[PDB]
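Structure 1 and structure 2 below are the same protein chain in two forms, each given by itself as structure tokens.
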Structure 1
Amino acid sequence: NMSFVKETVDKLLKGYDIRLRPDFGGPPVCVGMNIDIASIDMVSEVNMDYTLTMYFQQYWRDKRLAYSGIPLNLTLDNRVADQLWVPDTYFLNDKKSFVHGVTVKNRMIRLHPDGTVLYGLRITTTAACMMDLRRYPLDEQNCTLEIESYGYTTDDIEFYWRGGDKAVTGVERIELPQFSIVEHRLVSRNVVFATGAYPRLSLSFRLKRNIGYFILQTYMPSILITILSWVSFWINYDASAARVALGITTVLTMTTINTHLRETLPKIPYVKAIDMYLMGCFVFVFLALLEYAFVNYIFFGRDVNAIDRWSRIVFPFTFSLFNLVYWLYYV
């Protein structure tokens, strides 16, 4: 009887006070939360945030909503949620979030005979992630999602992961070209403010950046230009025009790489690991041009070939030592 189901739901909402939490004035209401990750759209270093799409399900029991005589789980229209109490769950580090509303609002309400409420939302959220980019691009970030109740303290509400470690699924669905998911973790804790103590659920991912793009596009061109600057060491010292043109161009080429690479990479206003590598490579090409200026300065006075001969060994060896220390430190 479609009329009997309508009458049962109308009776529930005639004497239901949304201003009061379940078991108001008594024991705290326990809210179980499970997340089904749909995708992670973009991880932004410039904005220090990431975009996450997920199915956010909350699970709590409200004895006022218990109904008898209907052996079914009522799937109601999403507009009935406006007449029911829901937890005031918010994301502390979220910067901009919305619920998808095409073709209708992506919202689910499911009721159970004992009063249990399953409440699911399809949410796309941009959550803040203060990334430490000191090892960029060989860095490993840890981006979390803080889940907390805003108005209700631990004496009113309790959060827990429904299913334990199995509360968050779909992590294997995450396909990021620049990152790979190494580990995800579920944390349940209490956070104390001036207004009281609040339940906190934390979902954190450890993102490992892939180095392949930067080896091909940034590290390799820098190395070959630095190796290119060593060609001057194998040219005779009377070829002043040839060796200055090689030295000046590579110095200018190295700057052009840096000034244009930074315009592509995320322009964070501090020094990254690559900024140490590019500045180190600039020094090598700068020392190579300074190396000839020393040779050109003293072959006039009278071991002149010795400076060139030792430069063919010291520069490749020191750059190898520079790479050995650099790569062992950041890997």
Structure 2
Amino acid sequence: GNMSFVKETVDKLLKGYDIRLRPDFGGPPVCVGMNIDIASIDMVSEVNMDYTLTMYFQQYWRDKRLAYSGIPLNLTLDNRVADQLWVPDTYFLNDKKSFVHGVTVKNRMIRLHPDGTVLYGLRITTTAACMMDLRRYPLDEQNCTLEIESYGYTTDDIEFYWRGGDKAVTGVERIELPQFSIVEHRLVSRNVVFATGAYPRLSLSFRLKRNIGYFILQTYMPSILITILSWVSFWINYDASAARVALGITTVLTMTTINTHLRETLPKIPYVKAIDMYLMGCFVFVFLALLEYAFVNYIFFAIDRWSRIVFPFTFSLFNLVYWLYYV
């Protein structure tokens, strides 16, 4: 029944405590150890060039003002006690919109230690910007980072380090992206200098490899089928003007619709993507097929057989060059 004794101990710690002053104010910088337990990566958006990350953000630091004696236990206090304690001004530099879950209470943990060590945990869902190079899309590889920095305190007042070395960030295997796979993750600790001063920086980066399975069925297969569809006109007699012309028109129009649909699902980038090159190549073959019949119709008022062997061969050669270049 030492709850009163614990209450007296905690009240003594908070008596005269100044939240406005960091631990060891005016002296050596306070070292803050950080670990991240990744819960999931909900979305990866190419149009907005950002990803949504949910994680458990833990911060470790020692505050001698909170040291207590006579209690051989780690005091796990209510999350509302964090308002009366100094906490690092940690923020994410590249985030676009972040919040802390508050159901049924704020997803926050405070755990004191006899030596003054403070454990501060937060469950944060953050949307962090990630610039993407879509030149090799959809066969591209992306590197999305999460920048962690102190906002007000410089390196003279605070220092950041990954607690546990390369094992600081866990839960990477929990990431289940339908479109991407986590090839590798890295932890970087460095100092970044601004006009106000030099600030400690922690960076967490993931290398994402896009899955080609969806795009083969969605885009590449329909494009090939339309190109094969245009080849049917070669085996149709030249006197069937309505049939062969209709075949050429529909394949060309269908190719345009596929190309327009793809570009509407991606940001309006000026450079040409890998998928755009394939669609442009497919459009050339179907357009040449319709031009081939126009040449046949013009001379008539052997060529078809020559077209039956060149177009499938050239298209196969085009596919071989395209896939080798981008793989």
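Take the two forms, superpose them, and find the largest set of C-alpha atoms that agree within 1.5 Å; that set is the rigid core. Numbers follow structure 1, counted from its first residue as 1.
A.B. asks: Would you pick which one of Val191, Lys267, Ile211, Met108 lies where the chain hinges as its rigid parts rotate between structures 1 and 2?
C.D. replies: The listed residue located at a hinge is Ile211.
A.B. asks: For this two-part rigid motion, what is the smaller part's turn angle between structures 1 and 2, in degrees?
C.D. replies: Comparing the two forms, the smaller part rotates by 11 degrees relative to the larger.
A.B. asks: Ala242: how big is its Cα shift between structures 1 and 2, in Å, with the core superposed?
C.D. replies: Displacement of the C-alpha, rigid core superposed: 2.2 Å.
A.B. asks: Check the Cα of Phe284 between structures 1 and 2 on a core superposition and give its shift in Å.
C.D. replies: Here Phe284 registers a C-alpha shift of 1.4 Å.
A.B. asks: State the core-superposed CA shift for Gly163 between structures 1 and 2, in Å to one decimal.
C.D. replies: Here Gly163 registers a C-alpha shift of 0.3 Å.
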